[PDB]
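Okay, here we've got a single chain as structure tokens, the form deposited in one PDB entry, with questions on binding and movement later.
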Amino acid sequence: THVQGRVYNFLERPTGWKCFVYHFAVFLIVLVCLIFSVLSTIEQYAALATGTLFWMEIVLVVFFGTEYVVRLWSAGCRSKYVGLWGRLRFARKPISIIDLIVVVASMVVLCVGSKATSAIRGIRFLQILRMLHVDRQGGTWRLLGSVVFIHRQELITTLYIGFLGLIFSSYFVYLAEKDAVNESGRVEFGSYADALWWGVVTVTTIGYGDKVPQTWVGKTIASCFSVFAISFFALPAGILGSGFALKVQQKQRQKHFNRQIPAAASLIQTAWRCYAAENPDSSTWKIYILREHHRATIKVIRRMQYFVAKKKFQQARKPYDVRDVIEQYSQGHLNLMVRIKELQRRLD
């Protein structure tokens, strides 16, 4: 039944170019439908857009619905997806929920709208929402969440500190300039809310220029603030960049080392050997060639061997470091000198 897995990997785990050409095409179709929705807002072009967004909509719903059904049937190539309950587990994950919501809500809106302005008010958001459909495996999102989690302390730190500096400096500016009137006669810093607004738009280096301080006190404080606080709203860029880079690079350098394969073999083998231990009449007992107490000790050794293999494999899943070098050099030199002494005794 190779057809099933074939179309699966064509749809879910794409490689090559034909796959890529397909997914890129679908991306272009969804972007194009979006930009028609963009042009639905402009009063100059709400004429054509509203009309052409009726044909495209039904085309896309039949497309993606057919596609979803094919996909859901093809998922059975996996092992945890076979069975009705397997399928129901396959629809449980997020992106499939997204696809289902989009298609079903498209059907609802198109069937109510033909016989309705709130329709299009919904269509625009659905067109916006379909973009989630591109990432077929959530690799981007998983990467981000990982790297954010690793660096949670740094980010909480800079967030806290920049927050405080914003609060305090903006209060001080508010006190300084609640009376200051703009050249146009209006008061920019009426309230602490507006000072907070100014502070946010300043500290992060945007500077619309809609609120400016006038008095020497405010300018002094704004200078110190803008010079010493902005750098806390710009750390995350560097942190996240380093994290993304290192994450990806380790994830692709681990595509090379092959000791993972023997270690995995060893792990599986000792695990099943341990399981064979419990049953008394297992055949594996013949490996030692009557069993007064041997049951115990054999179980002990095999148990240990299992946990040893477990940890060796686990540590093999990670890159190398200086600790490995130091420890192995120690062990080797020690075993060496032990043998040196053994021979130095053999001379007697």
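For clarity, a rigid core is taken as the largest C-alpha set superposing within 1.5 Å between two forms. All residue numbers refer to positions in the sequence shown, first residue = 1.
Unshown form deposited in another entry; subsequent notes refer to it.
Summarising the superposition on the core between the shown form and the other one, the listed residues 264, 110, 159, 201 contain exactly one with a Cα shift of 2 Å or larger, 264. Core-superposed comparison between the shown form and the other one: the C-alpha position of residue 313 differs by no less than 2 Å.
For residue 69, a C-alpha deviation below 2 angstroms is recorded between the shown form and the other one after rigid-core alignment. Relative to the superposed core, residue 139 undergoes a C-alpha shift of no less than 2 Å between the shown form and the other one.
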